[PDB]
> 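My questions will all concern the structure given below.
Per chain, numbering begins at 1; letters A, B, ... match sequence-line order. All heavy atoms count here, side chains included; hydrogens, waters and symmetry mates do not.
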Amino acid sequence: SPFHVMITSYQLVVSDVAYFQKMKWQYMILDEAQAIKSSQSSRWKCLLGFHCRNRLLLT
DNA sequence: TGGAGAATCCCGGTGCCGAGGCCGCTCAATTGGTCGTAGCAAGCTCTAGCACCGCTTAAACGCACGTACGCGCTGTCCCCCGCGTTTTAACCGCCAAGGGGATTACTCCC
């Protein structure tokens with residue numbers, strides 16, 4: 001495959017959300033998950049909805 | 001009439017990018033029922049639109065006839081065109097910036 005892991009910004013996942021939906025992930029890292037701590041944040045609402053089989057938070 | 005040569009066309013080849021079709025999904029068009037009302041219908045009023053007559057005289061017409069002006073002609077000259085030279089700035093590409101608008105954090109105030 002042309003990739004195994006994909007690195008991206010907390011900014012792009014909310015901006016390109018319509019492309020991030022329509023995709024399915026085997027594993028996900030959130031690399032400094034204190035970015036997610038506001039449940040009112042769009043980056044909480046969006047990354048929550050990413051179809052991912054197992055998820056990990058780093059903090 | 002010919003001719004030379006420039007300018008316009010045509011024929012086939014190359015390639016690139018945008019036109020035409022496929023895919024996922026949202027959300028805007030459709031199905032179903034409600035309820036208010038407006039404008040469709042029947043009816044009365046009398047406005048004002050159309051028709052006719054008779055008179056008046058100003059406005060329209062046919063004609064005479066003069067001369068003012070439209071038009072083809074002639075001459076010139078100046079200034080705008082066709083072509084070669086010189087030069088400048090439009091186009092392209094690539095990097096910078098900044099700005100602004102949406103988002104996210106954290107506190108104070110209610």
> Please tell me if the side chains of A:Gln21 and A:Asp16 come closer than 4.5 Å, counting only heavy atoms from C-beta onward.
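A side-chain contact under 4.5 Å is absent here.
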> Is A:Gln34 close to A:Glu32 at the side-chain level, that is, under 4.5 Å between some pair of heavy atoms?
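In short, these two side chains touch, coming nearer than 4.5 Å.
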> Quick one: stems for DNA chain B, with Watson-Crick or G-U pairs under 3.5 Å, at least three in a row?
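The stems that DNA chain B takes part in number none, since no run reaches 3 pairs.
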> Which way does the sugar of B:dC61 pucker, north or south, judged by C1'-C2'-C3'-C4'?
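South (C2'-endo side).
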> Counting only N and O atoms by type, is there a donor-acceptor contact under 3.5 Å from the side chain of A:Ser1 to the main-chain atoms of A:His4?
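Not a single qualifying donor-acceptor pair exists.
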> For the SG atom of A:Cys52 and the CE atom of A:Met23, what is their distance to the nearest 0.5 Å?
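The SG atom of A:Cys52 sits 11.0 Å away from the CE atom of A:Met23.
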> Given the P atoms of B:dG84 and B:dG5, what is the spacing between them in whole Å?
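My reading of the P atoms in B:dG84 and B:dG5 gives 14 Å.
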> Please state the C1' separation for the pair B:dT37 and B:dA41 - nearest whole angstrom.
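To the nearest whole Å, 16 Å.
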> Using a 4.5 Å cut-off on heavy atoms from C-beta on, say whether the side chain of A:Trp25 contacts that of A:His51.
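They are not in side-chain contact.
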> When rounded to the nearest 0.5 angstrom, what distance separates CD1 in A:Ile7 from CG in A:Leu12?
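Nearest 0.5 Å value for the CD1-CG distance: 12.5 Å.
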> Pick the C1' atom in B:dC25 and in B:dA29, then give their distance to the nearest Å.
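Result for the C1' pair: 15 Å, nearest Å.
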> Measuring from atom CG of A:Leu30 to atom CG of A:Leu56, what distance do you get when rounded to the nearest 0.5 angstrom?
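Result: 8.0 Å between the selected atoms.
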> What nitrogen or oxygen pairs link the protein and nucleotides 101-106 of chain B at under 3.5 Å?
from: B:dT104; atom 1: OP1; to: A:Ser42; atom 2: N; distance (Å): 3.4
from: B:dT104; atom 1: OP1; to: A:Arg43; atom 2: N; distance (Å): 3.0
from: B:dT104; atom 1: OP2; to: A:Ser42; atom 2: N; distance (Å): 3.0
from: B:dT104; atom 1: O3'; to: A:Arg43; atom 2: NH2; distance (Å): 3.3
from: B:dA105; atom 1: OP1; to: A:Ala35; atom 2: O; distance (Å): 3.2
from: B:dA105; atom 1: OP1; to: A:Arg43; atom 2: NH2; distance (Å): 2.9
from: B:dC106; atom 1: OP2; to: A:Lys37; atom 2: NZ; distance (Å): 2.7

> Under a 3.5 Å distance rule, please check whether A:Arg55 uses its side chain to pair with a backbone N or O of A:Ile29 as donor and acceptor.
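Looks like no, no N/O pair under 3.5 Å.
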> For the side chain of A:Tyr10 and the backbone of A:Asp31, is there at least one donor-acceptor N/O pair under 3.5 Å apart?
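Side chain of A:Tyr10 to backbone of A:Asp31, a donor-acceptor pair under 3.5 Å: yes, one is there.
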> Using atom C1' of each nucleotide, how far apart are B:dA7 and B:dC83 to the nearest Å?
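Result for the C1' pair: 15 Å, nearest Å.
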> Using the 3.5 Å cut-off, write out each protein N or O paired with an N or O of nucleotides 21-25 of chain B and the distance between them.
none

> Taking the side chain as every heavy atom from C-beta outward, state whether A:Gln40 and A:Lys45 have any atom pair closer than 4.5 Å.
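Heavy-atom side-chain distance check fails, nothing below 4.5 Å.
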> Report the distance from atom CG of A:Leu57 to atom CE of A:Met28, rounding to the nearest 0.5 Å.
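If we round to the nearest 0.5 Å, A:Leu57:CG and A:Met28:CE are 10.0 Å apart.
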